[PDB]
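Enquirer: Sharing a structure, written as structure tokens. Questions coming.
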There are 2 protein chains.
Amino acid sequence: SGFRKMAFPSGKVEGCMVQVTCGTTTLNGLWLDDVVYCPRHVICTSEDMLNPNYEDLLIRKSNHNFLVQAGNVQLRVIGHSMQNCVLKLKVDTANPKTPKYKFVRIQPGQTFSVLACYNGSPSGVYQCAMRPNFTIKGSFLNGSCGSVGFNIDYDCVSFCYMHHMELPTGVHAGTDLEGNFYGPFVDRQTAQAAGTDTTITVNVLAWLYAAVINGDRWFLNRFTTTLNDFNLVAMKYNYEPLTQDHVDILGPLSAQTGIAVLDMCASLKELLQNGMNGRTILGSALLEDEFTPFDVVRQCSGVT
Amino acid sequence: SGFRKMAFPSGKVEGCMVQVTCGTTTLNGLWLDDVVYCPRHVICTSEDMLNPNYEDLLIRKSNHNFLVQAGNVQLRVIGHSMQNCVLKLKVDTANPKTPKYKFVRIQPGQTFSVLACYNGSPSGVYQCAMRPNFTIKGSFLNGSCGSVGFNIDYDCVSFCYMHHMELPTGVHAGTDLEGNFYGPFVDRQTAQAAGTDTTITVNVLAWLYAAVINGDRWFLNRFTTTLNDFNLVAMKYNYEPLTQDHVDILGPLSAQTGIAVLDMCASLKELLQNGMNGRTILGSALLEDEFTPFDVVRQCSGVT
Ligand SMILES: Cc1ccc(CC(=O)Nc2cnccc2C)cc1
Ligand SMILES: Cc1ccc(CC(=O)Nc2cnccc2C)cc1
């Protein structure tokens with residue numbers, strides 16, 4: 001028992017981190033097989049950042065300008081190319097520590113672990129969700145660009161995020177591993193609207209099931225609701241509308257606890273309308289939306 | 001910017017995890033150099049657990065009864081001994097992945113990362129604090145025993161905790177790496193009082209400094225207080241009394257923000273007396289005590 005904001009073990013990803021320097025700029029790169037992936041803004045200077053012409057900036061660079069160091073050892077760069085907002089530096093040596101891996105584009109509301117890195121060295125690991133507005137609320141400082149987000153499926157690392165920038169609001173934006181930004185963001189120092197965000201309803205319900213499994217039951221009530229009624233409440237409180245697809249993915253948790261999904265929706269409805277009255281759920285005084293139904297099952301079963 | 005409950009990268013510890021089986025019981029072991037450390041209750045059965053005579057149970061075991069598997073490969077056990085509540089199994093091969101390491105006994109209120117494991121395989125990593133009452137509020141299921149807590153100082157892993165048991169209250173108890181329990185706990189299936197716990201005041205103040213650094217400032221007020229006055233409030237709200245030693249370790253954060261420690265104490269006093277009024281601090285609706293002043297500085301500076 002107990003329920004924590006648990007990240008995947010970061011070892012397989014630590015073995016892929018390298019430092020990439022181009023001119024005066026240094027950030028992190030991800031070395032998988034014989035390619036190093038990093039944010040293309042490694043080729044910019046401060047003057048360039050209002051609206052960089054990445055194509056022109058990259059044309060001024062040669063393979064020898066990209067300095068890649070895997071901890072202590074230097075990698076020899078034999079090719080470079082830009083794909084969307086990432087650079088791919090072909091190196092002459094395949095990373096001996098390359099795990100089995102996939103590049104995936106995650107959906108808003110899904111969760112992943114981030115290995116925050118500086119100068120190619122891992123600093124820490126934390127779990128977070130891709131917000132419905134495609135931002136992440138991470139913990140990143142200057143030099144963290146190129147740090148990645150991922151999930152692990154037994155021996156396979158699915159890389160889903162590469163960190164690119166901090167918005168003026170202090171929230172974070174980045175790309176999938178093909179360099180496509182999540183959300184409307186561009187890699188320019190410009191003020192950029194992140195859409196209206198919402199609370200990930202299916203994750204809050206999954207977390208209420210995790211609470212029941214671990215003995216926090218005070219919020220269970222004698223009520224039920226319908227998807228239509230629940231969605232009027234979700235609307236008022238800026239929660240994502242719940243669909244049958246969300247009810248279906250909560251099926252395992254509903255079966256394990258014997259609490260029908262719509263009955264858990266009625267508990268969530270009352271918590272939204274009444275608040276917590278100074279009480280806590282799994283050590284939190286707010287409704288947590290950073291655990292998916294898969295995360296709750298995985299944590300509550302002991303998946304290695 | 002941003003502030004997360006960040007754990008240390010778990011790679012150096014993942015390389016030390018093994019599975020230990022004795023008879024019908026399986027748990028995790030920590031393989032450092034040519035020794036595997038694991039909880040001594042690996043030698044018990046269900047009948048034995050009300051009050052095991054560990055000395056007698058161990059006498060019935062030989063080196064060949066301890067099956068140790070490092071992922072896929074079997075280790076040859078050439079010695080066994082019990083030290084307090086841990087067993088030390090001497091193996092004929094030094095772990096090639098042994099990091100630089102130390103065994104340390106942490107103080108109540110200090111934090112560490114846990115790598116939860118099952119059957120010698122890492123499941124996830126999370127950050128937590130050793131409660132003032134020497135329990136930890138972890139996330140552990142049956143089979144997680146032998147999972148360890150640690151901190152990392154550049155290249156050195158300081159192991160501070162090995163998981164042994166779950167109390168009937170759902171909180172966790174374990175030992176340092178010499179097998180001494182933290183707190184009054186014994187490795188028996190008996191109901192056991194965990195002392196009265198308190199909130200780690202110095203950590204809450206460190207976290208209020210982290211909030212100011214990241215822009216959450218609403219709780220700052222026009223007041224100041226004294227250690228004596230602040231401690232009357234801490235007393236009433238079950239917080240640890242603040243000492244000059246705690247004020248001194250908050251010195252760096254006070255210098256960075258320009259907010260005198262006693263002025264931050266007056267903000268904490270008002271939050272204790274008035275609550276949050278439905279507001280949040282660093283995404284939390286309660287006062288967080290799982291970040292030490294060192295953790296806040298480390299996270300806010302980017303230590304790898
Ligand atoms: C368009 C663009 C891209 C990158 C940069 C640097 C940047 O944002 N680094 C950063 C990332 N995450 C957290 C804190 C910081 C400072 C500037 C402009
Ligand atoms: C004295 C003693 C020691 C160990 C055990 C098993 C045990 O507590 N395992 C466990 C640990 N952490 C979380 C959940 C579980 C079930 C029983 C009795």
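Residue numbers start at 1 in each chain; chains themselves are named A, B, ... in the order of the structure tokens; ligands are numbered from 1 in the order shown.
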Using the chain letters and numbers from this document, which residues of segment 127-267 of chain A does DSSP assign to alpha helix (DSSP H), as JSON, numbers by chain?
Expert: {"A": [201, 202, 203, 204, 205, 206, 207, 208, 209, 210, 211, 212, 213, 227, 228, 229, 230, 231, 232, 233, 234, 235, 236, 244, 245, 246, 247, 248, 249, 251, 252, 253, 254, 255, 256, 257, 261, 262, 263, 264, 265, 266, 267]}
Enquirer: For chain A against chain B, with a cut-off of 7 Å and counting only C-alpha atoms, what is the closest atom pair and its distance in Å to one decimal for every residue that makes the cut, ordered by chain and number, as a Markdown table?
Expert:
```
| residue | atom | partner | partner_atom | distance |
| --- | --- | --- | --- | --- |
| A:1 | CA | B:140 | CA | 5.7 |
| A:2 | CA | B:139 | CA | 4.3 |
| A:3 | CA | B:139 | CA | 5.0 |
| A:4 | CA | B:139 | CA | 5.8 |
| A:5 | CA | B:126 | CA | 6.6 |
| A:6 | CA | B:126 | CA | 5.0 |
| A:7 | CA | B:125 | CA | 5.2 |
| A:8 | CA | B:124 | CA | 4.6 |
| A:9 | CA | B:124 | CA | 5.1 |
| A:10 | CA | B:10 | CA | 5.6 |
| A:11 | CA | B:11 | CA | 3.6 |
| A:14 | CA | B:11 | CA | 6.8 |
| A:118 | CA | B:304 | CA | 6.6 |
| A:121 | CA | B:304 | CA | 5.5 |
| A:122 | CA | B:304 | CA | 5.4 |
| A:123 | CA | B:304 | CA | 4.1 |
| A:124 | CA | B:8 | CA | 4.6 |
| A:125 | CA | B:7 | CA | 5.2 |
| A:126 | CA | B:6 | CA | 5.0 |
| A:137 | CA | B:2 | CA | 6.7 |
| A:138 | CA | B:2 | CA | 5.6 |
| A:139 | CA | B:2 | CA | 4.3 |
| A:140 | CA | B:1 | CA | 5.7 |
| A:141 | CA | B:1 | CA | 5.8 |
| A:170 | CA | B:1 | CA | 5.9 |
| A:285 | CA | B:285 | CA | 4.9 |
| A:286 | CA | B:285 | CA | 5.9 |
| A:302 | CA | B:123 | CA | 6.7 |
| A:303 | CA | B:123 | CA | 5.9 |
| A:304 | CA | B:123 | CA | 4.1 |
```
Enquirer: Skipping near chain neighbours, those fewer than 6 positions away, what residues fall within 10 Å of residue 261 of chain A using only C-alpha atoms, listed as a list in words?
Expert: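 After dropping sequence-adjacent residues, the list is residues 205, 206, 209, 224, 225, 226, 227, 246, 247, 248, 250, 251, 253, 254, 255 and 267 of chain A.
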Enquirer: Can you spit out the residues from that selection as a PDB file, in the first residue's frame, using N, CA and C atoms?
Expert:
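Okay, this is what ended up in selection_18.pdb:
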```pdb
ATOM      1  N   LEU A 205     -10.361  10.407 -11.801  1.00  0.00           N
ATOM      2  CA  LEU A 205     -11.150   9.227 -11.409  1.00  0.00           C
ATOM      3  C   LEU A 205     -10.247   8.054 -11.126  1.00  0.00           C
ATOM      4  N   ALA A 206      -9.197   7.858 -11.954  1.00  0.00           N
ATOM      5  CA  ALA A 206      -8.247   6.763 -11.710  1.00  0.00           C
ATOM      6  C   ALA A 206      -7.597   6.927 -10.327  1.00  0.00           C
ATOM      7  N   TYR A 209      -9.859   5.958  -7.541  1.00  0.00           N
ATOM      8  CA  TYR A 209      -9.829   4.503  -7.404  1.00  0.00           C
ATOM      9  C   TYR A 209      -8.560   4.106  -6.633  1.00  0.00           C
ATOM     10  N   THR A 224     -25.220   8.382  -7.293  1.00  0.00           N
ATOM     11  CA  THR A 224     -24.776   8.012  -8.605  1.00  0.00           C
ATOM     12  C   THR A 224     -25.064   9.213  -9.511  1.00  0.00           C
ATOM     13  N   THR A 225     -24.607   9.164 -10.743  1.00  0.00           N
ATOM     14  CA  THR A 225     -24.856  10.212 -11.718  1.00  0.00           C
ATOM     15  C   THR A 225     -24.884   9.548 -13.114  1.00  0.00           C
ATOM     16  N   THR A 226     -25.065  10.355 -14.169  1.00  0.00           N
ATOM     17  CA  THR A 226     -25.020   9.897 -15.531  1.00  0.00           C
ATOM     18  C   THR A 226     -23.861  10.617 -16.199  1.00  0.00           C
ATOM     19  N   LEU A 227     -23.403  10.149 -17.389  1.00  0.00           N
ATOM     20  CA  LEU A 227     -22.359  10.895 -18.106  1.00  0.00           C
ATOM     21  C   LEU A 227     -22.830  12.306 -18.418  1.00  0.00           C
ATOM     22  N   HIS A 246     -13.351   6.766 -21.933  1.00  0.00           N
ATOM     23  CA  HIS A 246     -12.741   6.962 -20.605  1.00  0.00           C
ATOM     24  C   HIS A 246     -13.364   5.992 -19.608  1.00  0.00           C
ATOM     25  N   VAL A 247     -14.701   5.829 -19.614  1.00  0.00           N
ATOM     26  CA  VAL A 247     -15.357   4.853 -18.722  1.00  0.00           C
ATOM     27  C   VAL A 247     -14.797   3.429 -18.973  1.00  0.00           C
ATOM     28  N   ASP A 248     -14.598   3.077 -20.239  1.00  0.00           N
ATOM     29  CA  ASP A 248     -14.053   1.761 -20.614  1.00  0.00           C
ATOM     30  C   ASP A 248     -12.643   1.546 -20.083  1.00  0.00           C
ATOM     31  N   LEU A 250     -11.422   2.836 -17.464  1.00  0.00           N
ATOM     32  CA  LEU A 250     -11.522   2.713 -16.010  1.00  0.00           C
ATOM     33  C   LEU A 250     -12.121   1.353 -15.585  1.00  0.00           C
ATOM     34  N   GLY A 251     -12.526   0.527 -16.550  1.00  0.00           N
ATOM     35  CA  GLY A 251     -13.112  -0.788 -16.299  1.00  0.00           C
ATOM     36  C   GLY A 251     -12.333  -1.655 -15.341  1.00  0.00           C
ATOM     37  N   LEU A 253     -10.257  -0.844 -12.921  1.00  0.00           N
ATOM     38  CA  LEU A 253     -10.309  -0.281 -11.553  1.00  0.00           C
ATOM     39  C   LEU A 253     -11.680  -0.408 -10.935  1.00  0.00           C
ATOM     40  N   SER A 254     -12.708  -0.256 -11.771  1.00  0.00           N
ATOM     41  CA  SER A 254     -14.087  -0.439 -11.354  1.00  0.00           C
ATOM     42  C   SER A 254     -14.275  -1.921 -10.939  1.00  0.00           C
ATOM     43  N   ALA A 255     -13.705  -2.859 -11.718  1.00  0.00           N
ATOM     44  CA  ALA A 255     -13.840  -4.287 -11.407  1.00  0.00           C
ATOM     45  C   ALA A 255     -13.093  -4.628 -10.121  1.00  0.00           C
ATOM     46  N   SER A 267     -19.017  10.672  -6.735  1.00  0.00           N
ATOM     47  CA  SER A 267     -18.128  11.109  -5.661  1.00  0.00           C
ATOM     48  C   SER A 267     -17.337  12.339  -6.152  1.00  0.00           C
TER      49      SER A 267
END
```
Enquirer: Give me, as a tab-separated table, the closest atom pair and its distance (Å, one decimal) for every residue of chain A within a cut-off of 10 Å of ligand 1, counting only C-alpha atoms and all ligand atoms, rows sorted by chain and rising number.
Expert:
```
residue	atom	partner	partner_atom_place_in_ligand_line	distance
A:25	CA	ligand 1	6 (C)	9.9
A:27	CA	ligand 1	9 (N)	9.4
A:39	CA	ligand 1	3 (C)	8.6
A:40	CA	ligand 1	3 (C)	9.1
A:41	CA	ligand 1	3 (C)	6.2
A:42	CA	ligand 1	4 (C)	8.5
A:44	CA	ligand 1	3 (C)	9.0
A:45	CA	ligand 1	17 (C)	9.4
A:46	CA	ligand 1	17 (C)	8.2
A:48	CA	ligand 1	18 (C)	9.5
A:49	CA	ligand 1	18 (C)	5.9
A:50	CA	ligand 1	1 (C)	7.7
A:51	CA	ligand 1	1 (C)	8.4
A:52	CA	ligand 1	1 (C)	8.7
A:138	CA	ligand 1	13 (C)	8.4
A:139	CA	ligand 1	13 (C)	7.3
A:140	CA	ligand 1	13 (C)	4.2
A:141	CA	ligand 1	14 (C)	3.8
A:142	CA	ligand 1	16 (C)	3.7
A:143	CA	ligand 1	9 (N)	6.3
A:144	CA	ligand 1	12 (N)	6.0
A:145	CA	ligand 1	11 (C)	5.7
A:146	CA	ligand 1	11 (C)	9.3
A:147	CA	ligand 1	12 (N)	9.5
A:163	CA	ligand 1	12 (N)	7.2
A:164	CA	ligand 1	3 (C)	5.7
A:165	CA	ligand 1	8 (O)	3.7
A:166	CA	ligand 1	12 (N)	4.3
A:167	CA	ligand 1	8 (O)	7.1
A:168	CA	ligand 1	8 (O)	9.0
A:170	CA	ligand 1	13 (C)	7.7
A:171	CA	ligand 1	13 (C)	8.2
A:172	CA	ligand 1	12 (N)	6.4
A:173	CA	ligand 1	12 (N)	8.2
A:174	CA	ligand 1	11 (C)	9.4
A:185	CA	ligand 1	1 (C)	9.2
A:186	CA	ligand 1	1 (C)	7.0
A:187	CA	ligand 1	1 (C)	3.9
A:188	CA	ligand 1	1 (C)	3.7
A:189	CA	ligand 1	1 (C)	4.4
A:190	CA	ligand 1	1 (C)	7.3
A:191	CA	ligand 1	1 (C)	9.8
```
Enquirer: Could you write out the selected residues, including C-alpha atoms, as a compact mmCIF listing (two decimals), in the first residue's frame?
Expert:
```
# COMPACT_ATOMS: atom_id res chain seq x y z
CA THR A 25 25.67 27.01 -26.80
CA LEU A 27 22.60 21.47 -24.26
CA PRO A 39 17.02 20.62 -30.07
CA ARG A 40 17.91 22.60 -33.16
CA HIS A 41 18.22 25.79 -31.08
CA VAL A 42 21.74 24.53 -30.10
CA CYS A 44 21.48 29.83 -32.11
CA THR A 45 23.07 32.76 -30.32
CA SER A 46 21.18 35.37 -28.13
CA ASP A 48 19.26 35.05 -33.26
CA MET A 49 16.52 34.06 -30.80
CA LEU A 50 13.69 36.62 -31.58
CA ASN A 51 13.06 34.74 -34.93
CA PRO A 52 15.95 32.45 -35.93
CA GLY A 138 8.20 20.53 -15.41
CA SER A 139 11.22 21.56 -13.41
CA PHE A 140 13.79 22.83 -15.87
CA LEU A 141 16.48 25.50 -15.83
CA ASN A 142 18.72 26.96 -18.55
CA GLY A 143 20.85 24.12 -20.00
CA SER A 144 18.07 21.49 -19.52
CA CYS A 145 17.07 21.57 -23.24
CA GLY A 146 17.43 18.17 -24.85
CA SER A 147 16.30 16.43 -21.61
CA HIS A 163 12.50 19.60 -23.85
CA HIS A 164 12.85 22.81 -25.90
CA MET A 165 11.72 25.86 -24.01
CA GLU A 166 10.17 27.66 -21.14
CA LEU A 167 7.24 29.91 -21.87
CA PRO A 168 7.11 33.36 -20.21
CA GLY A 170 7.03 29.36 -16.48
CA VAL A 171 5.48 26.31 -18.11
CA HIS A 172 7.34 24.06 -20.55
CA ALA A 173 7.12 23.17 -24.22
CA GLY A 174 8.84 20.60 -26.34
CA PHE A 185 4.54 26.42 -29.96
CA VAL A 186 7.47 27.53 -32.07
CA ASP A 187 11.15 27.64 -31.08
CA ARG A 188 11.38 31.51 -31.00
CA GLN A 189 11.70 33.94 -28.01
CA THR A 190 8.24 35.28 -28.52
CA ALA A 191 5.27 35.43 -26.05
```
